[PDB]
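Comments concern the structure below.
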Amino acid sequence: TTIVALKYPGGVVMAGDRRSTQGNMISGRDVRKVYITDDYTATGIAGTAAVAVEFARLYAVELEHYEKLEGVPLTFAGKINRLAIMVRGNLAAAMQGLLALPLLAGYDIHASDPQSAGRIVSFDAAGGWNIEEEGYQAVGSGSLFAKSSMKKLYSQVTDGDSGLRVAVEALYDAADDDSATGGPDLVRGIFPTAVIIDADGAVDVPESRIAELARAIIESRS
Amino acid sequence: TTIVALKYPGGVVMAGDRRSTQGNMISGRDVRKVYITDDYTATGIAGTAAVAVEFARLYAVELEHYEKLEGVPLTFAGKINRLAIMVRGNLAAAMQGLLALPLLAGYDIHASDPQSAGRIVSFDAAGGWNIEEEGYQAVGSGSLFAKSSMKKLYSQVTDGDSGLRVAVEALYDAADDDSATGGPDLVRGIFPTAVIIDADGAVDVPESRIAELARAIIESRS
Amino acid sequence: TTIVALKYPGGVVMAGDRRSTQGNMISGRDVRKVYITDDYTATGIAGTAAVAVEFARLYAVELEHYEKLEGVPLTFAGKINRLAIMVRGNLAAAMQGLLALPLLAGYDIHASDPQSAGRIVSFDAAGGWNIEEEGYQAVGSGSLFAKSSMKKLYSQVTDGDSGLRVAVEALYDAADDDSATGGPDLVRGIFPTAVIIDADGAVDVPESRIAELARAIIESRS
Amino acid sequence: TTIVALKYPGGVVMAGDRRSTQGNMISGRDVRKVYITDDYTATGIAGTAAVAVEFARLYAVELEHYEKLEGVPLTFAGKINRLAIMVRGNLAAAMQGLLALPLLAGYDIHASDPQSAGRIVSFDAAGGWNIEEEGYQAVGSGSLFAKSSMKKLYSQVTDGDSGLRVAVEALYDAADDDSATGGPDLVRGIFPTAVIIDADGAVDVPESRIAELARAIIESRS
Amino acid sequence: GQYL
Amino acid sequence: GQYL
Amino acid sequence: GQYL
Amino acid sequence: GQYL
Amino acid sequence: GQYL
Amino acid sequence: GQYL
Amino acid sequence: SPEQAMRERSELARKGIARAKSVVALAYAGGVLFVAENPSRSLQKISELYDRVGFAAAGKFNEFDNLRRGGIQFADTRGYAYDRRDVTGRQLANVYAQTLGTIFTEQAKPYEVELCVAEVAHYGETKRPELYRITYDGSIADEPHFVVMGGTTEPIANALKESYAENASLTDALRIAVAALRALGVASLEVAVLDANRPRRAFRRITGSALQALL
Amino acid sequence: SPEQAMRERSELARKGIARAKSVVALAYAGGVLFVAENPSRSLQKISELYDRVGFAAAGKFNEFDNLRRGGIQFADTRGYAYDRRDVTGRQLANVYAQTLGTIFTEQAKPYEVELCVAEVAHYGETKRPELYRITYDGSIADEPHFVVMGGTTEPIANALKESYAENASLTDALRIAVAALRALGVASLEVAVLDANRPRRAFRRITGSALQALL
Amino acid sequence: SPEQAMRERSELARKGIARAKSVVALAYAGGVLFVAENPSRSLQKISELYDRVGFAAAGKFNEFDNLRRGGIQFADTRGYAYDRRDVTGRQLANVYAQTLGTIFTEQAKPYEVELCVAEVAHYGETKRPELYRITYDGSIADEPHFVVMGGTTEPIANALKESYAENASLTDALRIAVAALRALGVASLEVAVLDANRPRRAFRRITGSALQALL
Amino acid sequence: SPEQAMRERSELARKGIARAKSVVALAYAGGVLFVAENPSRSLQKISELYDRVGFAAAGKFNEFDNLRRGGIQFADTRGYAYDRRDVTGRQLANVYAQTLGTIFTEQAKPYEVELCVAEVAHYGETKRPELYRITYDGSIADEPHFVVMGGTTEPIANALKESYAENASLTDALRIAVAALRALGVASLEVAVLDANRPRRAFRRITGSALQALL
Amino acid sequence: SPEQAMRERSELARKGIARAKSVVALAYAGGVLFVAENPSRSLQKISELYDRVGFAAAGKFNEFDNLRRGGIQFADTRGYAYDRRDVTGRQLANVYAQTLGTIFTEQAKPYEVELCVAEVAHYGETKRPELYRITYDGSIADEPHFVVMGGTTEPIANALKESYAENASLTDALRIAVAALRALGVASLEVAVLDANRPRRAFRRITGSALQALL
């Protein structure tokens with residue numbers, strides 16, 4: 001698995017691969033790992049697929065429950081704190097093999113400048129959280145390759161299209177160097193799932209645009 | 001043990017073998033592994049026979065209990081979630097050897113297109129669930145051989161009868177390659193059990209049709 | 001990680017580095033390890049970054065809670081005792097791995113001598129606390145190099161500015177001898193954080209003064 | 001650590017060193033290991049410094065709490081029993097390394113003969129206590145050397161001054177043969193801390209007298 | 001109730 | 001009371 | 001008192 | 001009761 | 001109780 | 001009652 | 001005097017049941033048929049307890065809804081513990097009588113509820129359906145023809161006694177029951193059948209177009 | 001007498017809700033519209049219970065705030081246990097009826113409050129919006145057209161019955177609701193909508209500039 | 001009878017408030033200003049609830065001291081669980097209303113306390129200071145300008161209605177407040193301010209020579 | 001009526017305290033001096049609470065002895081939890097006021113006691129002693145000069161006040177105290193001092209020949 | 001009327017103690033002598049509490065037997081926790097007073113008992129024996145001469161103050177006790193001694209030929 005997130009001027013983009021394995025055997029080819037937690041925040045959880053799905057569901061319910069109870073949504077710090085609490089609660093089972101590592105992308109509507117209101121938060125195994133200042137982050141087995149690809153490609157990120165293309169390229173490099181990560185499935189037409197968050201909210205990227213970008217990258221590297 | 005499920009235009013078919021072994025010794029020759037959980041869903045549980053029977057019993061009771069209490073049957077996602085929680089609550093007992101792997105075939109009556117209303121759901125060890133999109137799935141010790149057979153035979157599946165034949169043939173291949181799976185017993189007249197779910201409901205397949213299909217397959221391979 | 005604290009005539013200063021590692025891989029570059037707990041005490045925790053942030057937050061909340069409830073801030077000895085209680089309560093998890101070594105710098109308003117009101121308290125893993133009389137202390141992986149540097153440099157400390165220079169030099173030596181401690185990063189412009197506490201309270205040192213001090217030290221070493 | 005105690009005609013004197021180590025690394029130079037528990041009893045705890053401080057604080061709190069609740073101080077046997085119970089209740093934590101072995105010196109105000117009212121009580125690991133009849137005792141790592149020195153020097157004890165000199169010389173011998181015990185520090189001006197208890201109560205010995213005695217001993221040894 |  |  |  |  |  |  | 005309080009409580013309960021709708025559960029050839037004057041399209045006063053055990057009620061809604069949920073829970077637990085065929089209508093009627101008596105005695109507010117538990121024979125067997133009426137005080141009566149509950153009982157009961165028909169088909173039984181309830185149109189009518197010809201679950205709801213067709 | 005006490009308790013509730021504001025929940029083409037008389041601004045008399053389920057109430061803010069929070073917790077727990085589409089307005093209305101009956105029976109002071117639960121069809125589905133009214137004693141009713149609660153209910157209810165027409169537009173329904181509510185100002189009103197065209201979460205508050213242009 | 005019980009309980013609550021001293025919190029240019037006339041130099045009726053949330057009370061001291069400590073614990077737990085900026089004065093006012101309603105209903109003796117929860121904008125953010133006034137039974141009111149509690153409210157309230165003007169500086173607000181509190185010298189006066197100019201903790205006490213200088 | 005019961009309890013406490021021997025606690029140059037007419041050599045109406053916090057009472061011995069033990073427990077627990085200097089007389093006075101309020105409202109028989117908590121300055125520090133009186137109901141008051149508890153308070157209070165002189169010495173203060181208390185002898189008086197000149201523990205009992213020399 | 005109820009409870013207690021046999025505990029030269037008119041030979045109303053602490057009682061037998069067992073348990077626990085010499089008669093007397101107050105207040109039926117705790121000096125010490133008299137309401141009296149319980153105390157007390165000679169021997173003390181109790185035979189009289197001459201356990205029974213040859 002690999003989930004990348006990167007900030008572009010005016011928002012954030014989060015993309016994830018589609019492969020799930022049981023050891024060396026491919027057991028899933030269209031797993032969706034990037035969830036829209038609320039209208040301005042998306043989360044992507046790597047590790048065991050069961051724990052990832054359960055954590056995404058529980059976190060979304062927690063945020064929704066708070067917003068309904070108090071009539072006002074949690075501040076971004078509150079959301080980060082709740083996710084960190086969940087990871088720290090998981091630690092005991094994570095030592096057993098139910099390890100889940102989240103990555104949080106969001107748009108802080110309470111910021112002073114809307115041109116830099118994108119936020120990327122990484123979490124460690126113990127529960128500590130870090131708000132990323134370099135503008136990109138990755139989790140999963142191919143996270144190192146994706147991050148080393150984004151380090152070189154990030155100078156090209158100018159808008160949502162540039163950020164999306166760089167994210168898909170980083171996922172392609174991660175899959176190219178890591179067997180647990182799946183690359184664009186040209187025969188099956190299965191491509192990484194992406195979410196773009198801007199001032200207007202968090203929206204799923206249509207598979208057509210991601211297919212176009214993946215084809216462009218493959219044709220570039222051929 | 002091997003249980004297969006495959007979608008066909010207008011429904012789903014689920015078949016299962018009949019052999020139970022305690023080590024290398026054959027202890028059961030007519031075990032029934034596919035259960036009609038309710039009028040539009042069947043479940044088939046591989047692993048230990050005791051836990052499989054208990055799991056099917058509890059799951060059927062739980063679905064019926066909800067239907068009687070609330071006056072409306074659970075949505076398909078609700079049934080999936082209840083089965084997934086049942087699987088997840090068994091991790092401690094499965095680490096001691098009481099492993100039960102369910103496979104869920106169903107017919108979503110609330111789906112838009114009735115022809116593509118069949119659903120196959122596969123569960124992993126930790127409790128994660130995946131709605132299969134390729135149209136076939138298998139669980140058990142011969143699951144890989146049955147899946148590899150169905151990969152080659154699934155283009156012949158055009159209706160319920162051809163789907164049933166392909167399921168029986170996948171079971172035959174799994175029994176051919178795995179000694180824990182029982183083949184068609186022409187001496188004793190014991191054949192795999194099957195359940196067909198379509199818009200009219202879920203019905204056990206009569207033993208005579210399966211017998212003639214198995215005889216045709218055997219006389220083909222001779 | 002390294003945190004240093006030293007007393008100067010009329011107050012105290014606490015500085016810390018910015019590097020966070022996960023083994024040998026650098027995971028964080030702008031971590032902040034020195035927190036203003038309250039108007040006259042700053043705390044700095046080494047060890048696991050997650051536990052450090054948790055302990056800082058909870059200790060500050062405890063001090064604020066007592067002051068609000070009873071309308072009077074705790075005496076410095078009471079703050080020491082509460083921090084020691086947290087450290088003792090962390091003992092089992094520290095043996096399990098989630099470990100934290102705090103270092104407390106404070107100004108004693110109730111002291112009779114304003115000039116010698118600066119206090120530095122070190123804690124061992126078992127919860128014991130010692131009030132430093134030598135005028136300096138360090139915690140973290142590079143604590144020994146920093147302490148041995150301050151031993152030679154402490155005769156130059158006569159005000160807040162010279163004390164800050166000596167603290168930055170101690171951190172520089174600790175990073176020069178220990179790879180888990182980050183040096184002054186001129187490429188990224190990332191410098192150690194510092195807090196100065198005097199009779200007028202605890203104030204964060206602006207990044208400009210630390211940057212020019214680090215540049216002067218680096219020019220001196222060249 | 002090494003704490004000595006010895007009776008003299010008309011009272012008792014208890015002295016302790018100042019060094020605290022972590023392994024073979026010197027971490028503390030002015031640790032005070034002798035506490036005036038109440039007006040007529042002093043206690044000195046060897047072992048882990050954290051547990052020593054906590055034990056002394058709790059024991060003083062217990063004695064004062066009883067005295068205020070009942071309006072009369074405990075008898076000496078009652079104080080001994082409370083300290084023994086507190087030592088016994090630490091048997092579980094002492095095995096994992098938080099050891100604390102106390103030595104209790106007191107002036108039994110209820111004793112018939114004023115000139116023989118000094119009492120020394122040693123405690124064992126399991127919480128058993130022994131009222132010393134030889135007139136001296138020692139606890140800590142250098143306790144064997146201190147006791148074997150007091151064995152030869154006890155014939156010279158005749159009053160408070162000779163008792164204090166013999167206690168300081170015993171501590172000097174313990175530091176001479178043990179590296180975890182700190183001797184007199186003629187460079188930093190740090191000397192062992194002593195408490196003298198007699199009919200008028202328990203008073204800390206001023207550092208000037210101990211400095212004079214330690215220098216006299218050092219000059220006699222040269 | 002029913003006494004029968 | 002609800003009796004329908 | 002409160003009815004809104 | 002009894003007052004003895 | 002005291003009213004201040 | 002006791003008042004001392 | 002306790003007896004004055006008992007009479008007051010009993011009269012409160014009969015009054016509460018008196019100001020309610022009317023339910024008729026009548027045994028016919030195919031099993032048991034439940035018909036209730038239920039104007040609401042959401043509140044269900046006839047439900048299924050177990051595979052061949054059906055439930056009908058009259059009185060305050062939430063009381064018999066809680067009783068229905070408890071009976072469903074008991075039937076599910078008993079069927080899981082031993083077997084599905086080990087759950088009978090007699091045990092459910094006895095538990096209902098027990099809990100109604102306990103509520104009447106211990107609890108301050110009596111339940112103004114009348115319950116009917118109907119059982120039909122299993123698939124492939126022949127047995128007369130058994131109807132058990134449980135009253136507010138905990139009294140239980142086995143009635144072998146038809147139960148009428150709630151509202152004005154005497155006229156509808158007498159009309160049914162005059163027009164009783166053994167082994168009547170479903171259409172005639174439905175017409176008879178709706179005519180007796182009138183003594184009403186298709187709407188505001190909730191009906192159901194414990195169908196002895198179904199293999200496992202005898203309960204079946206007849207709503208919408210089928211009600212119009214049968215009438 | 002217990003009868004006297006129960007009559008006085010029902011009357012107590014009647015007065016308590018009577019000296020309170022009035023809220024109107026009316027179905028229109030896009031779903032349901034809630035309009036409440038709220039001279040406050042921080043306190044909300046209209047809230048969201050779940051994705052397609054909305055809540056309105058009339059009484060004292062403490063009791064129906066507690067009930068609203070309890071219903072929110074119930075809906076969230078139910079949706080997490082089974083699914084988001086397994087939570088229905090009928091289940092929540094039934095739970096509210098049961099808890100209000102229990103509060104009426106057991107509490108020394110009953111919760112004098114009236115609740116309304118509205119549900120709209122899921123996205124990509126057509127269905128008549130459902131409105132349920134739950135009263136202080138646990139009684140539950142299903143209304144197909146409108147709900148009016150609190151205050152002088154008779155004039156406003158008759159004015160609605162005169163002036164409310166099905167398949168109304170948002171602007172038309174808002175004008176009708178305000179005009180019926182007069183029987184007031186642009187402000188001092190709490191406006192919310194259960195919107196059936198939203199993908200998942202129907203509930204949406206219409207406050208300030210949007211309402212100002214709409215009115 | 002319940003009517004008499006409720007009336008006497010509320011009446012004794014009102015008598016408790018009249019016996020209490022007077023305290024006035026008014027929104028001025030820098031935030032919110034609390035002034036109270038209290039003889040005690042150690043027991044304080046005004047305290048800090050949270051970063052930008054302040055507290056005032058009039059009534060029995062131990063009762064609202066319990067309420068103050070409960071609110072402080074609530075605010076600290078809430079801010080630690082989620083974040084400091086997620087704690088608002090509205091939530092504290094709501095929790096106070098819930099607790100006071102529960103105390104009026106279930107406690108043998110109600111709490112004769114009248115509370116004021118004040119909130120100011122965060123640093124660098126513009127917002128009108130908010131004032132919530134909470135009564136004995138839980139009634140909660142939004143007061144846009146000022147809150148008068150305890151003693152003879154009528155004379156002091158009317159004096160403020162005429163003298164009080166929006167956008168008062170510290171000195172002007174203090175003068176107006178003490179003059180309308182006459183209806184007192186520097187001593188025996190407790191004065192504090194929630195000052196929005198502060199970065200994090202807005203609550204600040206002006207006492208001693210500084211307070212006299214501002215008077 | 002609740003008022004009748006509350007005034008019955010208030011007069012019960014008032015007369016219980018009235019028929020008890022009086023005690024005086026006065027501030028003198030070196031700290032505080034308690035003098036109580038205590039014929040019993042064993043029972044003590046004066047006791048130490050903490051290092052600089054002393055206690056006195058008048059009323060039923062078991063009640064204020066339980067109060068004194070609870071105060072000692074609280075002070076010791078608090079001093080261990082944070083530090084010895086973090087324990088102040090005001091915290092103990094507030095705790096006593098709160099528990100006496102709880103006793104008044106909820107206890108079957110209200111405590112008929114009156115307490116005085118005296119706090120002196122720490123050693124090497126300058127501060128006027130704080131005297132707090134706490135009444136049976138939980139009312140807590142500050143006395144800058146003296147406290148008189150129990151018995152007839154008017155004659156001793158008037159004699160003291162008209163004879164009171166600040167900054168008096170211990171011998172003098174004992175003289176004026178016994179003079180106002182008589183309105184006694186060498187024996188039958190229990191006396192104690194909170195001595196601000198003591199390094200850590202201020203409380204000190206004066207019994208035997210030293211008292212006779214002073215008195 | 002709570003006052004009348006409490007008074008009736010007090011009168012019940014004094015009546016219950018009145019109809020009981022009398023006990024004289026007189027402090028003589030060797031320690032303390034207990035003489036009780038005890039008709040039975042099995043029941044014991046004079047007992048030992050601890051090494052130098054003895055117990056006497058009058059009133060209902062099972063009540064003070066329970067009190068005696070509780071006091072013995074307290075003394076043994078206290079001695080094991082700290083030391084045998086940390087147990088004093090004052091602590092036991094105070095615990096008895098506290099528990100008697102608690103029983104009198106909280107328990108519906110009061111304890112109609114009257115206790116005497118006697119304490120004598122340890123071996124090798126000179127000290128006047130202490131006698132505490134604890135009443136039904138928890139009133140403790142430090143009586144240095146003699147204690148008389150049960151029955152009509154006035155004639156026994158009058159004879160005792162007519163005949164009380166300090167530092168009288170054991171035989172003369174027994175003569176005085178028997179003679180003053182009369183205003184009897186060897187049997188029907190239970191006598192015990194707290195003897196200061198004993199090394200550890202002071203209590204000793206005088207029975208058999210010893211009492212006969214003593215009188």
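In the structure tokens, chains take letters A, B, ... by order of appearance, with residues numbered from 1 within each chain and ligands from 1 in the order shown.
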
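Between chain K and chain L, which have the same sequence, the C-alpha root-mean-square deviation after superposition works out to 0.4 Å.
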
Would you list the contacts of region 141-154 of chain C as a ChimeraX atom specification, taking every protein, DNA or RNA residue within 9 Å and counting only C-alpha atoms, but skipping same-chain residues closer than 3 positions in sequence? /C:1-4,6,46-47,135-138,157-158,163,166-167,169-181

Residues near residue 48 (chain B), anyone? I mean within 9 Å using only C-alpha atoms, not counting same-chain ones fewer than 2 positions away, as a tab-separated table (two decimals) with N, CA, C and O atoms, in the first residue's frame.
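Writing done, so here's result-v4.tsv:
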chain	number	residue	atom	x	y	z
B	20	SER	N	-15.21	-33.77	5.40
B	20	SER	CA	-14.58	-33.22	6.58
B	20	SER	C	-13.53	-34.21	7.07
B	20	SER	O	-13.82	-35.41	7.21
B	45	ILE	N	-19.18	-21.34	5.11
B	45	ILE	CA	-18.10	-21.09	6.05
B	45	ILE	C	-17.14	-22.26	6.00
B	45	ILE	O	-17.52	-23.41	6.27
B	46	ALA	N	-15.89	-21.97	5.63
B	46	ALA	CA	-14.81	-22.94	5.64
B	46	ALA	C	-14.07	-22.87	6.97
B	46	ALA	O	-14.27	-21.97	7.78
B	50	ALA	N	-17.18	-27.35	13.45
B	50	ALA	CA	-17.97	-26.93	14.60
B	50	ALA	C	-18.22	-25.43	14.58
B	50	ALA	O	-19.36	-24.96	14.71
B	51	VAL	N	-17.14	-24.66	14.41
B	51	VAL	CA	-17.27	-23.21	14.38
B	51	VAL	C	-18.08	-22.77	13.17
B	51	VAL	O	-18.83	-21.79	13.25
B	52	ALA	N	-17.95	-23.47	12.05
B	52	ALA	CA	-18.73	-23.12	10.86
B	52	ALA	C	-20.23	-23.26	11.12
B	52	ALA	O	-21.02	-22.37	10.79
B	53	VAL	N	-20.63	-24.38	11.72
B	53	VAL	CA	-22.05	-24.59	12.01
B	53	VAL	C	-22.55	-23.56	13.01
B	53	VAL	O	-23.63	-22.98	12.84
B	97	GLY	N	-7.01	-22.16	17.12
B	97	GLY	CA	-7.35	-23.20	16.16
B	97	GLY	C	-8.79	-23.22	15.70
B	97	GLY	O	-9.13	-24.04	14.84
B	98	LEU	N	-9.67	-22.37	16.23
B	98	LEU	CA	-11.08	-22.36	15.84
B	98	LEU	C	-11.31	-21.28	14.78
B	98	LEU	O	-11.99	-20.28	14.99
B	99	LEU	N	-10.73	-21.52	13.61
B	99	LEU	CA	-10.81	-20.58	12.49
B	99	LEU	C	-12.04	-20.87	11.65
B	99	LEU	O	-12.32	-22.03	11.31
B	100	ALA	N	-12.78	-19.82	11.30
B	100	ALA	CA	-13.94	-19.91	10.43
B	100	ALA	C	-13.87	-18.78	9.41
B	100	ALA	O	-13.88	-17.61	9.79
B	101	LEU	N	-13.82	-19.14	8.13
B	101	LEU	CA	-13.75	-18.17	7.04
B	101	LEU	C	-15.07	-18.17	6.28
B	101	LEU	O	-15.37	-19.14	5.57

List the neighbours of residue 89 (chain O) out to 7 Å using only C-alpha atoms; skip same-chain residues closer than 5 positions along the sequence, and give me the result as an MDAnalysis selection string. chainID O and resid 53 117:119

Which residues come within 12 Å of residue 14 (chain L), counting only C-alpha atoms, excluding same-chain residues fewer than 3 positions away, as a PyMOL selection string? chain L and resi 7-11+17-20+58-59+110-114+135-137+149-153

May I have the residues from that selection written out with C-alpha atoms, as a PDB file, in the first residue's frame?
ATOM      1  CA  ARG L   7     -55.156  14.293  34.917  1.00  0.00           C
ATOM      2  CA  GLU L   8     -53.182  17.032  36.663  1.00  0.00           C
ATOM      3  CA  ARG L   9     -49.972  15.767  35.044  1.00  0.00           C
ATOM      4  CA  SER L  10     -51.483  15.860  31.554  1.00  0.00           C
ATOM      5  CA  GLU L  11     -52.795  19.352  32.290  1.00  0.00           C
ATOM      6  CA  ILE L  17     -46.123  23.416  26.078  1.00  0.00           C
ATOM      7  CA  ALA L  18     -48.823  26.112  25.762  1.00  0.00           C
ATOM      8  CA  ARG L  19     -46.544  28.808  27.220  1.00  0.00           C
ATOM      9  CA  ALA L  20     -43.908  28.123  24.580  1.00  0.00           C
ATOM     10  CA  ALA L  58     -41.297  22.601  21.554  1.00  0.00           C
ATOM     11  CA  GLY L  59     -41.101  22.911  25.330  1.00  0.00           C
ATOM     12  CA  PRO L 110     -42.557  14.706  33.619  1.00  0.00           C
ATOM     13  CA  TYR L 111     -40.740  16.037  30.590  1.00  0.00           C
ATOM     14  CA  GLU L 112     -43.343  18.491  29.268  1.00  0.00           C
ATOM     15  CA  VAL L 113     -42.298  18.651  25.615  1.00  0.00           C
ATOM     16  CA  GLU L 114     -43.481  17.765  22.104  1.00  0.00           C
ATOM     17  CA  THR L 135     -46.271  13.905  22.816  1.00  0.00           C
ATOM     18  CA  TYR L 136     -45.472  14.198  26.515  1.00  0.00           C
ATOM     19  CA  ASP L 137     -47.088  10.868  27.454  1.00  0.00           C
ATOM     20  CA  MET L 149     -46.222  22.526  17.685  1.00  0.00           C
ATOM     21  CA  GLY L 150     -46.449  24.810  20.701  1.00  0.00           C
ATOM     22  CA  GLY L 151     -48.117  28.165  21.267  1.00  0.00           C
ATOM     23  CA  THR L 152     -51.618  28.868  20.014  1.00  0.00           C
ATOM     24  CA  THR L 153     -51.824  25.754  17.850  1.00  0.00           C
TER      25      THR L 153
END

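Excluding residue 188 (chain M) itself and same-chain residues fewer than 5 positions from it, the residues having an atom within 10 Å of it are residues 36, 37, 38, 39, 40 and 41 of chain M, counting only C-alpha atoms.
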
Dump of N, CA, C and O atoms for the selected residues, as a PDB file, in the first residue's frame:
ATOM      1  N   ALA M  36     -18.328  43.648  41.156  1.00  0.00           N
ATOM      2  CA  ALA M  36     -19.205  43.137  42.192  1.00  0.00           C
ATOM      3  C   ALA M  36     -18.890  43.856  43.490  1.00  0.00           C
ATOM      4  O   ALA M  36     -17.739  44.221  43.740  1.00  0.00           O
ATOM      5  N   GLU M  37     -19.910  44.066  44.311  1.00  0.00           N
ATOM      6  CA  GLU M  37     -19.700  44.589  45.651  1.00  0.00           C
ATOM      7  C   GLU M  37     -19.685  43.421  46.630  1.00  0.00           C
ATOM      8  O   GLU M  37     -20.731  42.831  46.925  1.00  0.00           O
ATOM      9  N   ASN M  38     -18.491  43.059  47.097  1.00  0.00           N
ATOM     10  CA  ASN M  38     -18.367  41.996  48.086  1.00  0.00           C
ATOM     11  C   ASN M  38     -17.455  42.434  49.230  1.00  0.00           C
ATOM     12  O   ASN M  38     -16.369  42.981  49.005  1.00  0.00           O
ATOM     13  N   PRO M  39     -17.921  42.327  50.473  1.00  0.00           N
ATOM     14  CA  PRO M  39     -17.064  42.716  51.605  1.00  0.00           C
ATOM     15  C   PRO M  39     -15.846  41.828  51.768  1.00  0.00           C
ATOM     16  O   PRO M  39     -14.783  42.319  52.167  1.00  0.00           O
ATOM     17  N   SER M  40     -15.965  40.538  51.463  1.00  0.00           N
ATOM     18  CA  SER M  40     -14.863  39.610  51.674  1.00  0.00           C
ATOM     19  C   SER M  40     -13.694  39.943  50.757  1.00  0.00           C
ATOM     20  O   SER M  40     -13.878  40.204  49.564  1.00  0.00           O
ATOM     21  N   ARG M  41     -12.490  39.935  51.320  1.00  0.00           N
ATOM     22  CA  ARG M  41     -11.264  40.139  50.561  1.00  0.00           C
ATOM     23  C   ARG M  41     -10.629  38.831  50.111  1.00  0.00           C
ATOM     24  O   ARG M  41      -9.540  38.857  49.527  1.00  0.00           O
TER      25      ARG M  41
END

What lies within 9 Å of region 200-215 of chain A using only C-alpha atoms, ignoring chain neighbours under 2 positions off, as a ChimeraX atom specification? /A:36,38-42,106-107,164-165,168-169,172,184,186,189-198,217-220

Could you tell me, as an MDAnalysis selection string, which residues of region 90-190 of chain M DSSP assigns to alpha helix (DSSP H) when given the backbone? chainID M and resid 90:106 153:163 170:182

Once DSSP has gone over the backbone, tell me which residues of region 9-98 of chain L are in strand (DSSP E), as a short mmCIF file (atom, residue, chain, number, x, y, z; two decimals) with C-alpha atoms, in the first residue's frame.
data_model
loop_
_atom_site.label_atom_id
_atom_site.label_comp_id
_atom_site.auth_asym_id
_atom_site.auth_seq_id
_atom_site.Cartn_x
_atom_site.Cartn_y
_atom_site.Cartn_z
CA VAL L 23 -42.61 25.44 15.23
CA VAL L 24 -43.89 24.36 11.80
CA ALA L 25 -42.50 21.43 9.79
CA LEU L 26 -44.07 21.26 6.34
CA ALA L 27 -43.35 18.95 3.42
CA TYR L 28 -42.56 20.45 0.02
CA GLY L 31 -38.17 17.67 1.17
CA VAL L 32 -39.16 19.17 4.52
CA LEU L 33 -38.96 22.76 5.79
CA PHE L 34 -38.64 23.60 9.49
CA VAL L 35 -39.46 27.13 10.66
CA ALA L 36 -39.23 27.90 14.38
CA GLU L 37 -40.01 30.96 16.48
CA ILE L 46 -34.25 22.63 15.05
CA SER L 47 -31.45 20.11 14.56
CA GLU L 48 -30.31 17.13 12.53
CA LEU L 49 -30.66 13.59 13.86
CA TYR L 50 -29.16 11.68 10.93
CA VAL L 53 -33.65 12.55 9.63
CA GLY L 54 -34.37 15.92 11.22
CA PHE L 55 -35.62 16.91 14.67
CA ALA L 56 -37.83 19.75 15.89
CA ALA L 57 -39.28 20.28 19.33
CA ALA L 58 -41.30 22.60 21.55
CA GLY L 59 -41.10 22.91 25.33
#
